[PDB]
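Next up: just one chain, as structure tokens, the form deposited in one PDB entry.
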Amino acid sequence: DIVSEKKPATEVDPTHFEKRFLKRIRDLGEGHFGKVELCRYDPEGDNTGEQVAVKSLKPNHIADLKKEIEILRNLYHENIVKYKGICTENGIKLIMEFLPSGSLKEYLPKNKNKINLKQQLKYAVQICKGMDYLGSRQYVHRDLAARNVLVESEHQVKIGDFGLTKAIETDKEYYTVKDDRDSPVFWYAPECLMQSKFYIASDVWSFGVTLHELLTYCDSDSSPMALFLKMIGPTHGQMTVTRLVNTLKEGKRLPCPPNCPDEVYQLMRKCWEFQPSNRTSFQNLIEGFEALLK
């Protein structure tokens, strides 16, 4: 008789999502050769399955996606989006929990009435706690902006994208980047713009700019890009970044957001010391905000 293979152990992996049951609903966002879509994982095929956020490659940067997947899989913090699993074809898709409120960019313009200064400072503490957790794992985020901060509820935010996240080598203080063509220059510290060097303090600088967005309720007209382009001029093209570096070297910074008390603005200015070594830490920011909350 014919010889077949004995059926062995088949324990179902809860982190393995089958392609055939992962049904696309809509696009959520894009960023650095990746795209994020809302999908329903529907193995029963009746629209009752869980909604998930799915990151995949836009149709060679497969290595970058795999590295991002491995980082997120191992991060466990209240203010970091939850990894759910993967969908494997060499292809791979990252499956994450879906946060329907979106990012601070979508949420803040629509909920100004519900979100007061006290709530903004509580979101600022939560971003700092997620970032301090990331730093303790020796990672530099490199893309900290309000568009990457997801709203779990009126009371909770989570850092929701790790597309640019890099490990800082033990006993080294920074990561040197090579691919910088689509850098978020208006959120970047001078060392990132001048030498393409990324420190934990470079994320503190980016946090300061994110805090500025949070305080302005992510209004497009007072965005860090709109504000810096008004300061340096918007028709410089390829000369924009040197003009930005020059402006920062002169000591010019984003102005105090409307209705922001000076005490909060002073904590923000501490993120923006020209030299990385003079900048505040995430732990000291948490202390500062908590002092203002009680």
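Throughout, we count residues from 1 along the sequence that is shown. Under this definition, the rigid core comprises the largest set of C-alpha atoms superposing within 1.5 Å between the forms.
Residue-level annotation: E89 lacks coordinates in a third or more of the other entries compared, counting only those that model residues on either side of it. For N60, the fraction of other compared entries lacking coordinates, among those that model flanking residues, reaches at least a third. Deposited sequence between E89 and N90: 1 to 3 residues lack coordinates. A chain break between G251 and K252 is not present, all residues of the deposited sequence in that interval being modelled.
Of the two stretches examined, 268-276 and 9-17, the record assigns the greater average C-alpha temperature factor to 9-17. For the two regions 64-72 and 243-251, the entry's Cα B-factors average higher over 243-251. Sorting the modelled residues of the chain by their CA temperature factor places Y174 in the highest third. The deposited CA B-factor of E106 belongs to the middle third of values across its chain. Annotation for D180: CA B-factor lies in the highest third of the chain's modelled residues. Among the modelled residues of the chain, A53 sits in the lowest third by CA temperature factor in this PDB entry. The deposited CA B-factor of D161 belongs to the lowest third of values across its chain.
What comes next is about the form deposited in another entry, which does not appear here.
With the rigid core aligned between the shown form and the other one, the listed residues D180, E78, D219, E154 include just one Cα displaced by at least 2 Å, namely that of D180. The Cα shift for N259 between the shown form and the other one, taken after rigid core superposition, is smaller than 2 angstroms. Superposed on the core, the two forms differ at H236: its CA moves 2 Å or more between the shown form and the other one. Distance between the C-alpha atoms of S220 and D180: longer by at least 3 Å in the other form than in the displayed form. The pair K105 and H32 is tighter in the other form: their Cα-Cα distance falls by no less than 3 Å compared with this form.
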